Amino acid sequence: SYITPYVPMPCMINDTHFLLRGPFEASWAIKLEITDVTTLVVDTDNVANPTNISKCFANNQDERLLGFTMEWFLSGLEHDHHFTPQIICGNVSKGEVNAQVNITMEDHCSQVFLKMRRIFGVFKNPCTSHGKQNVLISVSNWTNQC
């Protein structure tokens, strides 16, 4: 099989905060926050799915590398047709997160949790408790957090 060179550096802040440092020691990092706070609402122009979630990083610099990193991150979940979380792109120029991933479904939450547990290791299971659950994806600056 083929080995991608665009593998980020994972680092876990805590049970709900995670970072994927852009490959080749980039000056940026993908920020993943597990939270039940809804920040984004469905709009006629911002709906996305796992197949074109890269379009939530259009106006960003080095958008190619961001797309490659998100591609690495979503391996094994996008190919799944039974993994259909609502994904809402956000206006980064207005201060919104790059993407909001609806993981309210027990199965979607379970899949995201298992992928992130393969990446970062053991942490608190967010799907035990019911209710709304989201993964907010943004791009933050690397300040040598780890």
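Sequential numbering from 1, following the sequence displayed.
Legend: mean Cα B-factor per stretch from the PDB entry, 27-35 versus 109-117; the higher mean is in 27-35. Per-stretch averaging of Cα B factors for 40-48 and 74-82 places 40-48 on top. Considering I103, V92, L66, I87 together, the PDB entry gives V92 the largest C-alpha B factor. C127 sits in the highest third of its chain by CA B factor, as recorded in the PDB entry.
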